[PDB]
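Asks: Experimental structure and sequence below.
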Amino acid sequence: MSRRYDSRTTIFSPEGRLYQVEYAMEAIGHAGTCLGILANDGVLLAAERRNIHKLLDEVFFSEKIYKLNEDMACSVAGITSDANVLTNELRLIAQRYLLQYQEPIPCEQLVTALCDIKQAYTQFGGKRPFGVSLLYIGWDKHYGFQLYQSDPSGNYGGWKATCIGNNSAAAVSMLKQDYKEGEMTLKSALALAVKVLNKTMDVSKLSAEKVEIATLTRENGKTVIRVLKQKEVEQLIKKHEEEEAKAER
Amino acid sequence: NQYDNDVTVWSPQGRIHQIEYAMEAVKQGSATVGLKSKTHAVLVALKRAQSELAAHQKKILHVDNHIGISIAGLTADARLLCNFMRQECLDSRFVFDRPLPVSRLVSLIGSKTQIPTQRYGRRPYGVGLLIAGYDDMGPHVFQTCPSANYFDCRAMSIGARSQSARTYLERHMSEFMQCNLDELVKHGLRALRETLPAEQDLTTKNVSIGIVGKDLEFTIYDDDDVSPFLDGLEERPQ
Amino acid sequence: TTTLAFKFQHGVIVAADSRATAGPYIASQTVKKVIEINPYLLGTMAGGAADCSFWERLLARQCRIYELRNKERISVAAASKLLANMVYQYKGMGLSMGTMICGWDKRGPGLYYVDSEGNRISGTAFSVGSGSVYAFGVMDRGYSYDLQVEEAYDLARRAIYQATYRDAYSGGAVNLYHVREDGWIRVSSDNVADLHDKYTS
Amino acid sequence: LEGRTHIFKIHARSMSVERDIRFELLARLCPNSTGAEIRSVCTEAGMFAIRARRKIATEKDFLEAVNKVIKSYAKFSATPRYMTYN
Amino acid sequence: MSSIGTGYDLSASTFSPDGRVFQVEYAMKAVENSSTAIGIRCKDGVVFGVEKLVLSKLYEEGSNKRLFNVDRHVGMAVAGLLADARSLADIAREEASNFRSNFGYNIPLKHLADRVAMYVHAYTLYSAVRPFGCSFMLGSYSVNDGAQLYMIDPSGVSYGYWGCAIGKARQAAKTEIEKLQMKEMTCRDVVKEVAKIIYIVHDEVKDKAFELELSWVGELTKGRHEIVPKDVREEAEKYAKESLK
Amino acid sequence: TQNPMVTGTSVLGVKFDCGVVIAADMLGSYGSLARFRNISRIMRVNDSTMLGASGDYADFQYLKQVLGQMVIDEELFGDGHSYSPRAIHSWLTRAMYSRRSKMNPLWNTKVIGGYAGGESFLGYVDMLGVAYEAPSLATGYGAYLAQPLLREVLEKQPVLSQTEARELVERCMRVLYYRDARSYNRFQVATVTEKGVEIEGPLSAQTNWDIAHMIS
Amino acid sequence: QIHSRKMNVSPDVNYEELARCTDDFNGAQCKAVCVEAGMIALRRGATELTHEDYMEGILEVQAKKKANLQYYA
Amino acid sequence: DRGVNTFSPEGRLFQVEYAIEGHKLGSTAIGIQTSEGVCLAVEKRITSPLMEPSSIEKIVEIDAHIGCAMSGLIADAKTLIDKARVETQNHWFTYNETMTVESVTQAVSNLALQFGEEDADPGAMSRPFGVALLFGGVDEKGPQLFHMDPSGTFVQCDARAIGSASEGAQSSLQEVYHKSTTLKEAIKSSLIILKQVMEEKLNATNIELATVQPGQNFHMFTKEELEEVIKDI
Amino acid sequence: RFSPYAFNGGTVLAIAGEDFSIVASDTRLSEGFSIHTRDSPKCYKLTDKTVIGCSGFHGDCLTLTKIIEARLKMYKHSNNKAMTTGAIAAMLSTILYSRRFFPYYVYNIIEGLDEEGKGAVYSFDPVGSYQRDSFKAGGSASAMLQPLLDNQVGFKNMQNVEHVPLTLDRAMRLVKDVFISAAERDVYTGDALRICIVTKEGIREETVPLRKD
Amino acid sequence: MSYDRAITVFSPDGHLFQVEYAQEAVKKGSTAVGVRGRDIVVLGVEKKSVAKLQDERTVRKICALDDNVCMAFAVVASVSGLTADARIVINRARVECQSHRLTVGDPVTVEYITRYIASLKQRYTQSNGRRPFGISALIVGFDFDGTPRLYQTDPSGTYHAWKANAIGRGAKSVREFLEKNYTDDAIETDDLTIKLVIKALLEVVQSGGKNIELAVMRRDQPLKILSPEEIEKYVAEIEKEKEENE
């Protein structure tokens, strides 16, 4: 009975991939734009707010911008379901590290603890992997500003600028074209991120209901984690929108 | 078939074929005969080995100072069960300090063997055991199946081509009861040889005996005193 | 700083000196015995006092190191024997204690001597001893001991120390078991009686 | 194990390759091989041989052909699943 | 159905649109294969009559016996596979032994029967294990609870009976009980009756050959589950033989 | 030696064995500190049909051993294929329960006298409430080991295998003496006999108090 | 007993003993075991089947593919 | 589908029949008991000179006077050897003297077959190991060679071979090797038999020999010793 | 030594003398648990083979627990090691018990007196805390030096020539045993009834009861 | 746990499936070469797939298990980094290295780590409902001796020491070119050993200094992972040496 039902999706394939991670990889792509860019005084995240109605409570800070610690923040590409359990667990881990070390946790240290758990599901157990890929942004003492990406088995890569989600190839190439390895400041860095989100997304003027942008900025020796409000976001939209207008001419 | 995919797989008749199929494994094992009198319990066994230029490792195992076993079937599994029995026999000697009852010990094997046969995704143990033991109610020679049922016999033969040997056991069934130690061992040898072809007649080298009784504790003769029982040859009685 | 297994370092060897003794120091329970045991040919140790306790911890030390040395084909050091004993014994503590073993082997950084006691003390010194009456002994010995003494030269040193020690000491039914350890070998120089050496020297 | 050596000897008769190639050496180098697999070894031996531009197979081609068979071919082979049913 | 690799007989967590559980049912067909075990309630005890299967020519008494003592005053007769019966004997005997220790009075059959049935029933629910392939009777005499007869099947039901049969002949054998007045009747007379029912029901293809074993637990044994004397067995055997002719 | 503080105590139980029987007098009366809660208590247990045991010291502690012995016997008898309670089996088993409790710094004190008849041998055994088994000639239990036993041993020294009758006068004599030397006694005492019939222990029977002597 | 009549057999061999050893047989198989034992019997030179031929007979009809000696014993 | 746990109508388990085949896949090892001592010979069979030949091992120590050559999956055996090291020294703590060839071999063999693929504890095997071990040493009793199988059948031998040449070699040993053949001659017998399964000729970088002889502990033969037996084959 | 609290006392004094292949073990013939001696009969000594004779004394509760265990360890040793019980049995058992009794202090001195299964005679002495040693004199109990001395003076012959100018024979050891027991009663007041000396050989078990003098 | 469903079951081919599936995944790509020197052992991986926008400083594909033990890993597919799979073996190995150094006062040897890799693969095999990692690791390190070592493991758990080995994209092809480059001078001069790793990596696909990352260990001193800027200078000098010999 039991093995027969087990589709043997936990088996290795000869090529050297796990079927589940590959199927999870597709779950991230269906889902919205999450991009992170490095800048030289702070670092910023731009994520697609997918909760647009005219009747919204806003009981959470945001449903995609999560402050994991009091020195880290993250954005989401994938499924909201996986994102909710995961986001809580990310908080206990970030917070315990903060207790022991008392310095901001590396973005690299944060993806690795979770990775064991992701891997565990895929290889054995017959448990689904998490449907979200997370872009963590932070500043840690050792390297300065950093961005880390995690995948559905916890495969990690340090990136200056990266994007996952819907029209992931388009967003990352475009951003590669203008910016290559940390050529811009915090001000300009928000204007590129919204611009990329603009092209990728179906609404080609955006509002603050369509985008939600979060900044993590190092001020007076301490990491400030702030989700920017709708008001700040409109200013950033008008700056990119105007830059696009000149382009044509 | 698919009355034997797992040991939970029933046949419409109402039988698990894997437990039955586990008995066919006992037939692959080496011939062992179990006989009793009124003072001894005697086990006559066939030892085989891959090197006959070397002494053959015993097929009689130690369980108690008056209990010995002879295995027919799976070698690892028989030893595996043996350890549960050994632990209990030696424990029985500490606590109860009687010379432990063959009927008592054997039922406890019945609870453990039932566990995998009851359990999905597992194999039964396909080993048939003949135990000689002497308690203060006299000898008993018991047969335990690959299932969990026991027979208290006066004589039994489980193993390879065991039918040939039973033909002898059926014929001198009355005799077993009266015997002394010597007489029990000569009959078991005459039985043992029958399993095998007409033109093969045993050597002491591939015969191990486990002798149990009233006048003795536990002694295993591998060639030690094997030669006089073997004497007085009788070759394949039909 | 105390007897019952004691060692002092030289370049050429270490001196291994020990007592044969049974029970507490008030009476023997035998006369014939050698409590000296060879756990590995790396060196010899043996104590007394709380008898089960010394034998137990050394037996663990002996198990771990010997398996690691023998299988790996890499020789274990003074430092390794000491670390095993230390880690084990604090854990086991509360189940009687009194281990007094002296660890020797020659290492990459040269010859190393660590003294292992049951408190959890791990010491290198001129001469150290763990057990009981050598505590007095380390005083006279240090004077008559060079940093590097030869093996032959060291044998003569033991004979004089002892010969005065028997006169001062009032413990009977002992032998001085003398071993020199030339590294990862152990050989027994002589097993001379404490009563004999006072006459000789 | 003895039988695999006999499949080499019967196959060699069909071929016009050396008898200075030890039939046994091939048999030990690839044990747990079915009848089809021993004929693919001969076949492979020939593939290396055509590329080199030889009319006759060599022992060099042969050795290589068995070590590729034991490692690679095992994964594809029919036997683990069919033997479980049998 | 019976030949399959998923569910049906692999499981018992499965239901058909009828509602059936096939595995639990296959376990029932298993109890049917061997000869009959009957146990008759009297207002004074229980008398059993069991066919004890003769599977060889080198038999001794008690060999492959189906009579067990659960408690001092409870007897247990099994029918169907003996492999499953040995494990069931250990579990029943254990629930009774602890009961005596704690309560200090003779285990009520109504309680013991509920606990073993729950255990059989836990396996029938599960698809993780198969359920026992035998059916059993527990029968008892006490003056703290009266004479009780209970029956537990492979499904996990416990209900009291005043005369029961398990095994191949049970539909025929049960009919012979309706003929007899057995609710009020000495355990001495009922032994004569269980013996005659068995001899007639047996035929050479339910099983090759049997050895008659009758057991007491009544006014005669004084509330002890014991095996009947050599005398008792033979007169009851004789009456079985005379009625057979 | 240590013994727990006892509240309900059983004291003086003699036992001497004759051929295929033993005679015992044990008090039927268990004082709890001061008050005689049960003058009717039974220190005698039935392991099986040809065994009996009688115990002294803390009465409470005796009941703990009875249940463990009871549950083991219940499973083992009735079947009697080759397994049942046997004379050796009860003695050793009961010793081990006592040993188990000896390992802990509090032990359950009862000192027991087993008379059994097993598969071929008639046994008279002594079991301690810390463990130990042996065959015995005559043994006392609780208070009997210090106070009367030596005068009972002295009568036994010419004839060690005497009759029931000779034992019966000694035991009947011993209660007038019990009252005289020790305090937590009653003169309603139980006569227990273990024989091949079973273990019989009829109710408390009495005879003279006799502490009315004053003649010098 | 029916089958035996068709070929020729010893009275030292019957099915009852084989039935006692293992119950892993059926009526179609019982015919097959008698027919199998006869092939060996015939191969040797015999005008009968004997106890040896039958005893081998049960082993042969059931497959092997490497057999046993000290693989199980 | 059908499981693998099942017994076949042949009267053997599937998993186990596969495990014997696993023994057959690897490299050949010869263990000969002589009464002058016990020699274990194994083929390196290197295909590259960049390898360091010392560190290709297939003789590992169970004990300090028992050596073991192993055959079939090299990796699968290694775990059994890891557990064996802990038992031999453990035996020294309890008995106060060193373990025998017989005691160690029966204890590892219990673990060899335990397999229940589903509904069995993760601290117990799902499948048996396909390794045959040859435990060869001389101990308190004298020279003993014991052979262990993946079927968990242990037997005492004087000459045993396992690996690809296992049936062929074992027959061939019985012929040359007897107890009227001395220890050095056992080393010559093993070398000849070794060559069919080997891809090349015998060399001192293509054999590894170790002999445990009375009154001595386990010695791993040095390059000179390997070369003296190479000269005369 | 220690004054009985941890476990019950049961008195008794053990003397042991080793010769070359004959070893006498003596302890008093009594079972005690209480200040009085229950019965002269005892099962303090238990034989496992003619090769080995063990004596556990003192506290009776200790005596039964370890002695049976020793029979179990013997059985295990013959099976696995393939060396029959003897010296080898003896070293192994003393470690496991001496851990068991020594946190809650040891009140039994078990003495394995045997021959090895390869030969050579050993007489083994535990304090109560694990040590095993071979001896030619042994004194064991609370009075763990009261017998020791006689065996040191008479057997070893260190400043002595009037028990033997060499070393004792079998005939000589048995003569000395009766004498030693008569002497013990005088000094040690914790005995009643009889003293039992068992002489253990590889070829003869001997038992003798000797009245308390 | 509740999961005990089969992922590995033994084959009549005398193998374990996962192990073989893993072995081909190191045939097909992720070139990792190691050479052993005479003061220093250097291991190198090619690919972190630096597409000129990714970070190079914080990315590790060579991880220090200890300060005298380091491993470089490989096994690839369409899911190209199996960094996750490695990351488990890396974390358990890291504690075990440190642990061995607490207990045994000799600095932990590569030979200990290699047996530990052979048992981790195996343990995962025997446990129900569990599967072997696909990794192959080039375990580099220093013993008690202070002798440089390079050992290589396979996905089954069998280890050999080797002076110089290459795995990935034709293990034997990269190694046989590299075989000429392994000379007595090359092993002696430390600087020449750093070039030997880089020189092998270049055979499969040439150029890139960011794609190539290599880590160096000298004596029992801590792992030093070299800057990509150091690599670029080195590939340029290697390319001219090829023209000189040839």
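Replies: Thanks, I have the structure now. Numbers count the residues shown, from 1 in each chain, chains lettered A, B, ... in the order given.
Asks: what about the helices in chain B?
Replies: B:17-28, B:75-95, B:102-118, B:163-171, B:175-178, B:181-192, B:227-230 (DSSP state H).
Asks: is the helix ranked longest in chain E anywhere near chain B?
Replies: For chain E, the longest helix by residue count, based on DSSP H, is helix E:82-103. Yes - against chain B, helix E:82-103 shows contacts by Cβ under 8 Å from any Cβ of the partner chain at E:82-84, E:86-87, E:89-90. Where C-beta positions appear, they are placed from N, C-alpha and C, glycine not excepted.
Asks: Quick check, the residue in chain G closest to chain C?
Replies: Chain C sits closest to residue G:70 of chain G, with a gap of 30.3 Å, by Cβ to the nearest Cβ.
Asks: What is the burial count for that residue?
Replies: Neighbourhood size, residue G:70 [other Cβ atoms under 10 Å in any protein chain shown]: 20.
Asks: That one contacts residue H:153, correct?
Replies: Yes - counting by Cβ atoms under 8 Å, residue G:70 touches residue H:153, with 5.8 Å between them.
Asks: How about the residues of chain B by chain F?
Replies: B:94-98, B:101-104, B:135-137, B:140, B:152.
Asks: List the residues that contact residue B:65.
Replies: Residues near residue B:65 by Cβ atoms under 8 Å, 6 or more residues apart in numbering or on different chains: B:93, B:99, B:217-218, I:75.
Asks: which of these lies closest to residue J:33?
Replies: Of all the contacts of residue B:65, residue J:33 sits closest to residue I:75, with 59.5 Å by Cβ to Cβ.
Asks: what helix or strand is that closest one on?
Replies: helix I:60-80 (DSSP states H and E).
Asks: could you point out which element follows that helix?
Replies: The first helix or strand that comes after helix I:60-80 along the chain, using DSSP H and E, is helix I:87-100.
Asks: How far does that following helix sit from its chain's centre?
Replies: 15 Å (Cα atoms, centre = their mean, to the nearest Å).
Asks: packing partners for that helix?
Replies: Contact here means 3 or more Cβ pairs under 8 Å, 6 or more residues apart in numbering or on different chains; DSSP states H and E; on that basis helix I:87-100 packs against helix C:51-72, helix H:74-95, helix I:60-80, strand I:108-115.
Asks: Kindly compare burial across the ones you listed and name the winner.
Replies: Among those, strand I:108-115 has the highest mean neighbour count (mean count of other Cβ atoms under 10 Å in any protein chain shown), at a mean of 26.
Asks: Packing partners of that strand?
Replies: Strand I:108-115 packs on strand I:14-18, strand I:22-29, strand I:52-58, helix I:60-80, helix I:87-100, strand I:121-123, strand I:138-140, going by 3+ Cβ pairs under 8 Å, 6+ apart.
Asks: Of all the ones you listed, which one is nearest residue D:4?
Replies: helix I:60-80 (40.2 Å).
Asks: so what does that closest one touch, helix or strand wise?
Replies: If contacts are counted by 3+ Cβ pairs under 8 Å, 6+ apart, helix I:60-80 sits against strand B:60-64, helix B:75-95, helix F:87-102, helix H:101-112, strand I:45-47, strand I:52-58, helix I:87-100, strand I:108-115.
Asks: Could you confirm whether the second one reaches chain E?
Replies: No - figure legend: helix B:75-95 not in contact with chain E (Cβ under 8 Å from any Cβ); closest approach 13.9 Å.
Asks: what do you get for the third one?
Replies: No - no part of helix F:87-102 sits near chain E under the criterion Cβ under 8 Å from any Cβ; the closest distance found is 13.4 Å.
Asks: Which SSE is immediately downstream of that helix?
Replies: strand F:111-117.
Asks: Report the contact partners of the residue of chain C found nearest chain H.
Replies: Here the residue of chain C nearest chain H is residue C:63; by Cβ to the nearest Cβ that distance is 4.0 Å. Residue C:63 makes contact with H:89-90, H:92-93, according to Cβ under 8 Å, 6+ apart.
Asks: just the residues you listed now: which is nearest residue F:175?
Replies: Among these, residue H:93 lies closest to residue F:175 (Cβ to Cβ), at 58.9 Å.
Asks: wait, the closest one sits on residue C:61?
Replies: No - if you go by Cβ under 8 Å, residue H:93 and residue C:61 don't touch, sitting 10.4 Å apart.
Asks: buried ones in the biggest helix by length in chain G?
Replies: Across chain G, the longest stretch assigned as helix under DSSP H is helix G:27-44. For helix G:27-44, burial by neighbour count (16 or more other Cβ atoms under 10 Å in any protein chain shown) applies to G:33-34, G:36-38, G:40-41.
Asks: Whether that helix contacts chain E - can you check?
Replies: No - figure legend: helix G:27-44 not in contact with chain E (Cβ under 8 Å from any Cβ); closest approach 12.4 Å.
Asks: which other residues reach that helix?
Replies: Under the criterion Cβ under 8 Å, 6+ apart, residues G:3-4, G:7, G:15, G:18, G:25, G:48-50, G:53-54, G:56-58, G:60-61 lie in contact with helix G:27-44.
Asks: And for stretch J:189-205?
Replies: The contact list for stretch J:189-205 (Cβ under 8 Å, 6+ apart) reads J:31, J:33-35, J:37-44, J:46, J:164, J:166, J:168-170, J:173-175, J:177-178, J:181-182, J:185-187, J:212, J:214, J:216, J:218, J:231, J:234-235, J:237-239, J:241-242.
Asks: and residue H:55, how many neighbours does it have?
Replies: If you count neighbours by other Cβ under 10 Å, residue H:55 ends up with 16.
Asks: and residue B:186, how far is that from chain I?
Replies: 27 Å (Cβ to the nearest Cβ, to the nearest Å).
Asks: can you tell me how far the residue of chain I positioned farthest from its centre sits from residue B:80?
Replies: Relative to the centre of chain I, and counting by Cα atoms, centre = their mean, the farthest-placed residue is residue I:80 at 27.2 Å. Going from residue I:80 to residue B:80 by Cβ to Cβ, to the nearest Å gives 16 Å.
Asks: What of residue B:189?
Replies: As judged by Cβ to Cβ, residue B:189 and residue B:80 stand 29 Å apart.
Asks: what number of residues lie near the closest residue to residue E:214 other than its chain neighbours?
Replies: Spatially, and ignoring its direct neighbours in sequence, residue E:214 is nearest to residue E:228 (4.5 Å; Cβ to Cβ, 6 or more residues apart in numbering or on different chains). When neighbours are counted by other Cβ under 10 Å, residue E:228 registers 22.
Asks: again, but for residue B:124
Replies: 30.
Asks: which residue packs closest to it, ignoring adjacent ones?
Replies: Distances taken as Cβ to Cβ, 6+ apart place residue B:22 nearest to residue B:124, at 4.2 Å, with adjacent residues excluded.
Asks: give the contact list for that neighbour.
Replies: Shown in contact with residue B:22 (Cβ under 8 Å, 6+ apart): B:123-126, B:146, H:7.
Asks: May I see the residues you listed arranged in TSV, with distance to residue I:19 as well?
Replies: TSV is the format used below for those (distance: Cβ to Cβ, whole Å):
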residue	distance to residue I:19
B:123	59
B:124	59
B:125	53
B:126	56
B:146	56
H:7	62
